[PDB]
Structures are given as C-alpha cells and as structure tokens.
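Worksheet: the structure to be examined is printed underneath.
Chain nomenclature is as follows: A, B, C, D, E, F and G, assigned in order of appearance, with residue numbering initiated at 1 for each chain independently.
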Amino acid sequence: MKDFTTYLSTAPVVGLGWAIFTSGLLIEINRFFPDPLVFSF
Amino acid sequence: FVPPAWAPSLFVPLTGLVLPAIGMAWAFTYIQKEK
Amino acid sequence: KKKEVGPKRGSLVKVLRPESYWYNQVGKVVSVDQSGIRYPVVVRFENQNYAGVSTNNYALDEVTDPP
Amino acid sequence: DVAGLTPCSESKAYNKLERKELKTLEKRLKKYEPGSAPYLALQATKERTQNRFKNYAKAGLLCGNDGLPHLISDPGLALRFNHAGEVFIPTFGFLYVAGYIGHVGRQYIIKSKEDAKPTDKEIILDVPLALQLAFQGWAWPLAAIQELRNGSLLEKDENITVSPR
Amino acid sequence: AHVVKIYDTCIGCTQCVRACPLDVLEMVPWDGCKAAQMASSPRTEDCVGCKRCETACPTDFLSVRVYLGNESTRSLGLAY
Amino acid sequence: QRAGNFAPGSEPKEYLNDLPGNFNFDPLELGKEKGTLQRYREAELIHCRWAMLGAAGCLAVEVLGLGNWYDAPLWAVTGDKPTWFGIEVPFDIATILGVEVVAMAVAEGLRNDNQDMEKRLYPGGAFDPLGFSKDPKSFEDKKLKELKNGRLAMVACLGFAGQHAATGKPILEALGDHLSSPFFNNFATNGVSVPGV
Amino acid sequence: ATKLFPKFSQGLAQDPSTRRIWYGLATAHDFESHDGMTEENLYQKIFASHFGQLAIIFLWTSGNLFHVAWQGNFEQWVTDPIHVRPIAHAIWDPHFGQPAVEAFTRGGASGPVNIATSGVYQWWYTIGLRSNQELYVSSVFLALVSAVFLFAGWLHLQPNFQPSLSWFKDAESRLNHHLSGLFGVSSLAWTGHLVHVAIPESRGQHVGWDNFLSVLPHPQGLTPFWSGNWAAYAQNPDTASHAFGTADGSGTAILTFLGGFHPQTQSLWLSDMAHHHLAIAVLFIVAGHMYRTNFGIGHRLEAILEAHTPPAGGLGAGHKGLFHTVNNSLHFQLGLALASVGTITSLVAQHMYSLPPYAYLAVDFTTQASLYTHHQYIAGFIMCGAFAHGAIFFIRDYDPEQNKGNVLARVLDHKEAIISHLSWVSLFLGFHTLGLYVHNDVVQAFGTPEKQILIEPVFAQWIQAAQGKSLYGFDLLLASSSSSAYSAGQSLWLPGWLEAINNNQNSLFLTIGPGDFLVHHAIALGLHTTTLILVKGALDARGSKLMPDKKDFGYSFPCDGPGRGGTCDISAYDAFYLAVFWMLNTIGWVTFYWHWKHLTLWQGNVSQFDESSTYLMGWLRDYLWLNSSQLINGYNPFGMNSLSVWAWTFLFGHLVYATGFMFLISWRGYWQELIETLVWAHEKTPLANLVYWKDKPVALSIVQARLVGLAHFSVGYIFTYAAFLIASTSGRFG
C-alpha cells in the first residue's frame, strides 16, 4: 500500500490527477454555463 | 552623353563574363601566391 | 603547529571565489590540509555543478561564515 | 458608445450574424427527421447559440461595423460605462489565482527544504502536505505582503548565487 | 597551434592526461598540492583543441584551459 | 526648537532638527544629505516669496474689481492696451519681455554670486531697511511666520490654478459659491476633479 | 606554407587549408586583431575605409541617376505621374526568349525594362529635376565626387598626410564641427536650394545654373529678412487647386506652416519642407557651438559627465569615467552610432507612409511598400549591429577598474535582474498573444465568431482622438474647440492637418481595431524578445557562470566542448546570430501588418482586414494565399505575364531559405568525415590524382557555418518577401 501510495505520490501521477481535476472542473463549468464571455453576475 | 545602342551588347557580356573571369583569375593567383 | 591553519571541520562556510560555481553558497568543510598547499579547504556542496562534482578546494581567504 | 462603436443590441451586423448562424443551423437541421438524435443535438446547439447571443446583448457588450463584440481594457473608462466585468474583474480574479499558485509553490519550496534530500521531496510529492498547503492558500495576498513586511519574502544579495561580471 | 594553460588549482589527479587523445599533458613534481603533482603541456603543438582534458577536470571552473587559434595540419586533425 | 508636527507621534528626523519651521514632515526622506537639505531650504524660501507675491497679485486683482488674474494677460494675444490701476502704460510686449528677462537674469546672477550660505537663505542688510531682525528671538518667530504664510501662499496658488483649470469662475465667485451653497456646490461637483464624483 | 594572401594575419598565413581563404575574408576588416597593429594605423585604416564607403555610395547613386536618365522614362513620367510606371534599368539578357522579351516591354520602352520601385522618380521630381540632361550632369558630377573621395582616401592614407592620434581623439572639435557644419550649414544650403529651385519648379518656373543669380525666389527680394518681417514670406501660399507641373493656382510663398498634404499630389508642401529644413539648420547651428574647442568658451564632455552624478548614492559614482570609455573604445561609439541611426531609419519608415514627402508617391503603392520594407529591414539590421558591437565593446575594451561604480558597472552588476525581467515580459507577451490568436482561430473555426475576444485598442484610439481624429468620438484635445490645444494654432496648421487626418484614403493615422491591437502586441513581443537576446548576449559577453573567462576567448568562438553538460552557442556572437532570426521574424511581422493593412486600404476592403486579422486563418488565407494568386502565375504552361521574374525570385528565395536550413541544422562532424572520404576518393583514382590541391580541403568552422546559414537564411527571407510584396502590390495596381 505505502509503496503504491509513494508511486502515486510521484510527480507525474499527481500532475495527472491535477490535469483531470482542472480539465473536468473547466469542462463542467463550460457545460453548465454555455459560452460566457463577460462577467455579468 | 547618350551611350550608343550597342552598349548593352558589350558592357553586359564584359561585366558578366570577362571582368568576373579576370577577377577570379587574379584572386586565384593571389590565394595560391607562395613566398 | 598552533591551533589549525583553517576553519573547524564540519562547519558551514561561504565561498567568496567569484569564478567558482558556488559563489555566495554554503558548503560543508570536509578537511583542511596542514602541509601548506594553496587551497587546503576542502568544501563539499549539496548541489552539484554542471560537471556533476560537489567538492572543491579553496584557500583560506575565500571562506567566511554563513550569514 | 465609446470608440465610435455601437452596442450589440442596437447594432445591425450583430443581428445579421445571428440570423446567418440561425439560417445555417436550420439548413443543417432540415436534413434530419425530428425523431432522431442529431435533430435533438442540432436543436440544443441552436438553443445554446440563441442563449449566447441573448446573453452577449443586454450586458454592456458593444460591436463595431462587423457584429463581433469588442472589449474595453482601460479602467475608469470601463468603470463609467459598465465595462469593468469584461476584463477588469477577470484580470483581478486571474491575479488572485496566480498569486494562489505562487504562494502555494513558494510554501512547498520553503517547507520541503529543511530535511534530508529535498530533491526527493521535490520528485516524490508529499501529498498530504501538498493538499494542506493547497487548502491554506486562500489568504495568499495577506501572507505575501506580511512576508514582504518582515523581509522573509526576499533574499539578500549576499546569500544569492550570482554570475561573474 | 592552440594554447594549453594549466593553473595552480590543479590537484594532480591525472584525469586530464588520461582523457587526452593525443598525449599533450604530463605530470611533473610539485609542492602546491597534496598529491605533489602538476599538469604540464610540453607537447602543445600536437593538441587539436578537443577539450577532452576540460571534461575530466574535477575542480570547480577549470585547472586546465585550451584556447584555439592558428590551426595547423596537426591541429586540424588531418590525415591528408 | 520644533514648532509642531504634521502627524502627532510620527518618526522624528535626526537631521531635521535645527530647522526653521520645524514641523517634522518629510515622509519620503528627501534631503537627507546636508547640501541637498540647504539647497531645498533656499529653493523653498524662493518659492515661498514668489508664491507670496503671486497670491498678493491674484488677490489684489480681484478685491479691487479690476478683472480676473487669468484674463489679465489676455491683452497680449494680439496686442492691446495694458493698465495698472488705471495707468494705461504704453509698453509693447517685446520691450517688457526683454526688460523682465534682463532684470531677472541679473538678479538671479547676483543671487547665485552671493556665495554666502547663510545669506542665500536670508541675506539681510540692504534688503532689510526697517531692521527688525536684530532681535534673535523676533528673527526666529518672524522666520517661522514667513514660512507658514508662504506655505499657505503656495497651496493657495495651486488652488487657484486647479480651480481655474476646472471651472471658469474667478476666485471671489468661487468663495461666494462655497459660502452660499457649500454642500450643493463644492470641488466634488466640478465633474473633472474626481473622475466619477 | 605561409602564403601571402592573409597579410593581416601571420597565423592565418600558416594555415594549409581552405579555411585560410574563408577566415581571410571574414576577418578582413577587423584591424584590431591584426598583427603589429597600432592605434594610429587603425585610425588611418578606418579613415581610408570611410572614404572608400563614401566613394562607393556616391558611385552607386551616380549609377542610379545615369540608369534612370539613360534607358528610362523620366520625362514621360514627369508629364504623366499617374498612369505610366517608372523604369529602373533596361534588360539585356541573351538567355531571354522572344515571349519573355515581348512581355517585359512596359512603359512605352523599346526593349525589356524593369519597373522602378526605389522611388527616385518621385524624389527627383520633388527636388526639381525635370530633364534627362540634368540627370546626366548630376550623375557625372557624382561620379567625379566619388573619384575625388577615393583619391582623398588614398592621399590621407599616404605618408606625411596621415592624421595624428589626438586629431582623431579630439572629440569636442569633431562634435562641434559635425553638429554645426555637417548638419547645420548642410541643411541651410539644402533649404536654400529648395527655395531657389523646387518651389519655382513646382510652380512652373524653370530655375537652372544658367539662369542662376538672375531669378529672385521671392518677389520682395530678401528685404523682409533684413527688416525682420519674416511673416511676409507666408503671404500667398499655393491654392488647393494647384497643379504641380504647371503654374495654375500658384502663389508666392517659400516658408510657411501649411500643415497637411497637397490635394493634387497627396504629398507635403515644398514650402513647408523648406521652412522645416531652415528651422532645423538654425537649431543645429545654434547648438553646434556648445562644446569646448580651443576658444575660451564651450562645454567639456568630461566635466558634464562627471558632474552629473545623483546625490545620496542614487547611481553610485554616477556617469564618471564614461569619457575615456567612449573615447578609448571605438566599439562603444560604433554601437551608439548604429543604435541612433537605426532609430532614425525606423522613424523614417514610420513617417514616410503616413506623411509622404514626395509628389505622387502615395499613389505608387509598390514604391511605398518597397521603401517601407527596405527601411524597416535596414533598421532592424543595424539595431542588431549596435547591440553586437556593444557586446564587442564589453568583451574587448572594457576596464572595470576605470569605470568602477559608474552606470556601466551597475548594469553589469545586476545584469541577471535585467535579463530576467526581459525574459518575463517576453514570456508574458508571447503567452498572451498566442493564447488570444489560438482562441480566436478556434472560435472562428467552430462557426460562431462572436465568441472571440476583441480587446479594443482604446489607448491608441484615445491618442488619435487627442490628435484630431474624430472617428472614435470622445472629447479630448484637437477635437473640441474649447481645448487650449485646439485654440492654439487654430489658424496656423490645424485646418489642413484636421482635413488630412479625417480622410480615410491616405495612410495618415489609419483606423486601428482589435486585429491591429493584436498585431501591435505581437510586434511588442518581437521587439522585447530580440532586446532580451541582445542584452543577454551583451551583458554576459565577458563572463557567465558556465564561462567566467569568456573575455579571454574573444567575441566569436565556437564553444568550450561537451564539458559541463555542453557549451555550444555560448558566445555573444551566437546570441547575436539568434537575435538575427528573431529580428527577421519581427520585421516580417511588421511588414506583414503594413502590407495587409495598406493592401486592404487600397482595395477599399478595410472591413476584410478588420474582421480577418483577428485570427491566423485570415492571415494565412486572405493575405498569404489570396494575394499570392498573381505572383505564382508569373510563368506557367499557359504562358507568362509581367510577374514571371517575381515568381522566379520567389522560388529562388524559398530555395536559399532551404540552403540556410542546410547550413544551420547539420553540423561539422558529418561533413568533415565526408570530406575525408572525398579526399580518399580523389587521392586513389586514376587519371585524376595527377592534379592536387594547394590547400587541404576542410569542413567549414562552426562559427563559419552559423554565419553561412544566417546569410543564406536572411537572403532567402529578403528575396522571398520582396518578390511577394512587389508582385502583390504591382500585379493589381499601378
């Protein structure tokens, strides 16, 4: 477990996790707010 | 004043063939000039 | 001879050599030669240079305390 | 009505562009039966286009001579014509997020150096420590200006690696 | 040919001579280092400037320096 | 020797102690060098006297009902008849420009060739005919009063310049407008001083 | 060994290789590195070389005048400056075919001629030249001047005529004389010639050397000048309905302030330019006697340099010690001169197209495009030359013990901060410009172009509204009569300038949109990045962390080998050679912007540029693809039009670009081994080993390879863009 956790603690794996997290957040924001351009509350 | 009509027929071959040929001949003798 | 020609071994030093890779850097004194060579202060550095080495010999006048 | 430009709602080229887009979407839609998934997909695309064109209007956006909306970047001018939400608020938000990133990275750099082999912590990330610093960066400007005040944000020129002249 | 200059920061580790592919350097007795050896270049006319001696130098910066200039038949590595 | 403080409890300046008109000030730490300090002293005194004279002219051109100070040089756009309390002097613009340039140049040359650091700040002698500066305490308090009234003069001149840049009304009209309707009419109602009011 | 060709280098003479030839040419005029060279001999060689360059320049312009007069249509272009095209030089090529000869007969000529795009026709029409005999005598006089300058260089090279070292180092007298004589009285004589000739010639009056000292330029006759009534010269200016060639609508005015353009020819007034040059001459003369000569008055350069030091240690020692730094180091003066001249020609390029000074120049679109592109490329080249010679100054002649604590020592102390801030601003500009362009391209690709980000350039629009452009609206100066700027000069130059700036036909303060904003930020990115590369090369020239002893290796050395991870392209010469690529990209950007905006203005489809420059598909398709249709059709199996030569040199430029890629990508080891194999092949063959090489063939040096690749790259770049620009602007216009 802890060896696999340290493998998951390596830089490419946590970078991949950040990549999926940020991409999914931005994609869901764009999907539920279709095409915004100007901040208007 | 005005150059004759045969001037393009003489100066252009002179500076396109003869003058570069003598220039390369002089430069080739100058490159390989030894003591 | 009296005391020692250089700093205490194992103590941190700051390299004042301008042409060195470790200028204004902190290193550890490994050993100081007592025969009288020009650069007796052997300093080991945590970060390697472009050549990959981490140790160098410096004279007495190019080492100070870590500020 | 700044820079010799008209609002998107009052403009004619904006409505012409919207009409052209609706026309080509309807031309693509007419090739499919109403009881098919591409028909619903194109209807959703048309609805999204209409919603976007409605939201771009009545929001202060203005377009000049082509129907494509323009953005005013000078503060003050954007403040007195309700164009601050175009770039002024987003630039402040991006500065906030970028300072969050910088503060989190600085905290991880500093907090992973007082240990044996800091490069090992750099290459294999301390995930609980990284998450703790991630959730502690919400007050990045306060900590940044406080580190500036106490002088720990900047290093003196005596401990800084410097190239020969 | 090229100029090979050796300074007093050399520790006499003999790595530059082993890295030399044309037998330019040599080891002479010395008293300024712990190993009592100093690098010399008595055959600098045969050096081509490959800078292989500079790669093997363990000291910071370089205890041996090669400066190019005035290339000859031996310095250009020509078999013809 | 300190005559007051621009902010009660501020950091005292170790070099700005033996200064006439000592009100601490200097938050930007300018003039720490003594030579720059005395240069700033003489420059401030000269600006004080010039703003003194300018405020005098601006007030005297208005309290006598002779016209606006900004409209005073308006006779020189194309060539008209100047006047001074109804004197109608016949002087061309070139003659007055030349004589003013020459007089100011020789006066500044004499002031620069004074070569006495105490006298550059305060010459005395021929410039003091009444001779009330012989008493040192009276000299000190009159120096303080001159500095205070000169500072008021320069801030009043800056106020006149800003007011005439913002609105076309003269000084007395602005004073009457503030007296009659202070809340309904002030610097915040100009629309150009504060971008957004 | 020891051949006599590199007489300036004894070490290069004893080099039995072909490289001795190449290094015998690249190091030809680097006299500081020559053997047995003194400072006086270096100064004498510099003086002779300067006289030689002046003679070459005068011979070149004499040849231009002669080839415009002979085999040209200067008089026909003078009669009709709108329709018929200028002729540069006739073509005599025996390799030409009969359809190629017939297709190149343009402009009413008897043979194949080249349409002139240098613009000397408009300039010589503006200055007053009308007849071919005037051009002939001007060309022969300039040839005599060039011969005189060459003989002068030879004589000043000769013994008992060489100037002293202190003569060259006399900075004060040289500065005073070149400020007062080279600029002051030269401009005074030029504006005198303008008043005497060009204004009468633009008013239909012939003024020549035969009738000189007889015709009065002004009917008053110099008496208002002595009486002080200089306003009498600006009494009767030329009317709006004035013909440049004739005397219709003429006037009597030689110096005025008629700001704007002549309505008939769309150019600046001759009287305005004469007044400008007279004022410039007066300002130069009144400022040309400021420095301290042998007389008791003047200004010492060193005194002002040393006295200008800020108090409280703002700049440390200040500007002290810079006098000896400038005087001793010639590369510092070279860098300053090249930078100032580059800024000058950049200003020239940016001010010709907006304010055309020559009659019938704005109508000639190809001429204006070629002139702007040439001036911008020359400007970028000598910008880079200024920075490179500054790096040469930092490597060769820079003593930190002399200028200790000065501005140079300070900027060398914190060079890392400057390089880091320039790198940050380059990354910032590039990231955001590329992100905006890619966002716009993706948005336009998805069929919904209204989602693209169009940041309106409000700063430049506010400036132009503050300078008279009422298109953007607003209520700043020069747009509202209540402003003091509008009230001042209301009857001097404002009525003409406002009319010139409110017209959309000319190139004076054109409409600037979001695409113009994006390309302007791209230009800023290019300039800041090239500046970053050049100042990193100059500041790290004499040393760095990878090479502290970079001063001992000279300015142009290949590398230090594969040690310390790799040290290739570490000299300041390599930084300059990368900055050449970046400068080429930046000038390509500015010329693409200029060409596309002006082409859309001339075609009348300004909206196409407004809605097409936002995204890079518009740049590739509406500019690089739509306007290249006439270029590529210069020669085809169907036939040939007049743009065959432009298509041929376009393909030629692409080919030289490819050869530059050849000399830049592949490096020395492969070619050296291949040359060794070829040497064996030539050695071990019958009937060919009887001959032999006097010098051993070797591969080109790494620095030499970089230079050759740079030269091929720049030649291909220049030829390709010149071909495309001239073919696109001349194939559909005239």
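Here is the rule we use: contacts are C-beta pairs under 8 Å (C-beta built on N, C-alpha and C of every residue); 3 or more make two chains touch, one makes a residue touch a chain.
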If you average the CA coordinates per chain, which chain's centre is most distant from that of chain D? B
Starting from the mean Cα coordinates of chain E and chain G, work out the distance between those two points in Å. 48
Distance-wise, how many Å sit between the C-alpha centres of chain A and chain F, to the nearest whole number? 65
Based only on mean CA positions, could you tell me how far chain D sits from chain G in angstrom? 41
Among chain A residues, those touching two or more other chains are 35, 37
Multi-chain contacts in chain F: which residues touch at least two other chains? none
Among the residues of chain D, which are close enough to touch at least two other chains? 52, 56, 69, 71, 161-162, 164-165
Chain pairs that touch, all of them, please. A-D, A-G, B-G, C-D, C-E, C-G, D-F, D-G, E-G, F-G
Residue set of chain E touching chain G in the complex reads 50-52, 54-55, 57, 61, 65, 67-73, 76, 78-80
Which residues of chain G touch chain B once you look at their complex with the stated criterion? 2-5, 21, 70-71, 90, 92, 136, 694-695
Any idea which chain C residues touch chain D in the complex? 14, 18-19, 22-26, 67
Over in the complex, which chain G residues touch chain C? Could you list them? 545-546, 548-549, 563-565
Which part of chain G faces chain D closely enough to touch in the complex? 400, 412-413, 415-416, 447-456, 458-459, 461-462, 471-474, 513-514, 540, 542-545, 548, 607, 610-611, 614
